[PDB]
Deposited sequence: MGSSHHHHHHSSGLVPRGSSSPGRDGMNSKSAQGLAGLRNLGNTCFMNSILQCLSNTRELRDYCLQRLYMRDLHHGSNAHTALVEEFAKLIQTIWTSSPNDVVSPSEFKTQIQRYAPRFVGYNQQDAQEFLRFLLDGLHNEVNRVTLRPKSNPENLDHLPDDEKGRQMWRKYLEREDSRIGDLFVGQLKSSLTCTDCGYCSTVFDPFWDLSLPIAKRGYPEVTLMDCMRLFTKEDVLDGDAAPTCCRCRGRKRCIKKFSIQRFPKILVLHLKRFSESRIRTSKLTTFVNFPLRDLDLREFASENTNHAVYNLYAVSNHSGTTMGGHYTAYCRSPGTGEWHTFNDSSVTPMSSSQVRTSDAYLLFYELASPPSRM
């Protein structure tokens, strides 16, 4: 079938390939590239990074027009991303989430419908904080507004209650992914366990006591995340690093995550059905210092999973996609 082309290792570029395949199989992002819609959104005038979006799009196009075991060489795209993000110059092993962030940032900046970003953070205390969520959202949207954002951007609500005066200070943070701490409590730790750890009430006291501006002093406060706006594509990042003050080690903890019906209603601030199906996983195997990346991806529409391992593309069953090596999870809205 289609989109089952591999990517040449160019010298430790598995981190880059794994992400490229997760994005290749991101339906709406793929179609954006195949349908050549980025061309409209591109900025006029001589730019340094016009080539990033065009080279990315051309890679995706090549992948999706190739024969079933062709190997594509992303070398020209690499040259573009390393110009944008100098840290990717050369041939050292890197983190694939760091890569995903720099790349989406670069692609987003180049097709941003906002061509000159507007320069005020006023007080919205008279407003129900779902109304202020919306105001914050539209303020964000008048600086960052692209087709990439359409897909990946959600909104966090952070509610910080002073235990003295009871005031609940609310802030709304946009997010392009969520980075989840891993539960220690295992029968087994689940994705839901990690999401509840992220959204639990953090009791802030002692050296963590924030200042309450109503009380005009440092108080014990309770802080809680909830999801105010759910993104079309939900990227979940497992925080697989121990906290060591000397020497960090990778947590290889199996985190059980679902293929289908990831129901996140629990985490909504006051939702309207937010349920996801999995369609890609970037896998890491090794240590914090070194190892290898692969991707498991579900062909859009097709329900068929493949293991993408640099130049090698191989069918797999869904009973093989959940592993300890899962580091990033790509979810899409279900029907």
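According to the record, the deposited residues with no C-alpha atom in the structure span 1-31, 151, 219, 306, 370-374.
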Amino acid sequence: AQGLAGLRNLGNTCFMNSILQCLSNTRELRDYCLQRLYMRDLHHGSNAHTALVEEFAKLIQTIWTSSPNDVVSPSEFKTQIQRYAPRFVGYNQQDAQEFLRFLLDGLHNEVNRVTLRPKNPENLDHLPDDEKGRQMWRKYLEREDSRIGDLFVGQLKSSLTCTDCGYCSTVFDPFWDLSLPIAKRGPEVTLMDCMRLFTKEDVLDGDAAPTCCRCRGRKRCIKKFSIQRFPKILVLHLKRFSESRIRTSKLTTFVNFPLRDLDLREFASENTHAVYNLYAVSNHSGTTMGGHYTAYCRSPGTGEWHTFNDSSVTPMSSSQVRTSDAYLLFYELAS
From here on, numbers count along this sequence of modelled residues.
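For the segment pair 236-244 and 124-132, the entry gives 124-132 the higher mean B-factor, averaged over Cα atoms. Here the stretch with the larger average CA B-factor, out of 96-104 and 142-150, is 142-150.
Looking at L191, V171, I227, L116, the one whose CA carries the top B-factor in the deposited record is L116.
In the deposited entry, the Cα temperature factor of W305 places it in the middle third of its chain's modelled residues. Annotation for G166: C-alpha temperature factor in the lowest third relative to the rest of the modelled chain, per the entry. Sort the modelled residues of the chain by CA B factor and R30 lands in the middle third. In the deposited entry, the Cα temperature factor of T288 sits in the bottom third of values across the chain's modelled residues. The deposited CA B-factor of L160 belongs to the lowest third of values across its chain.
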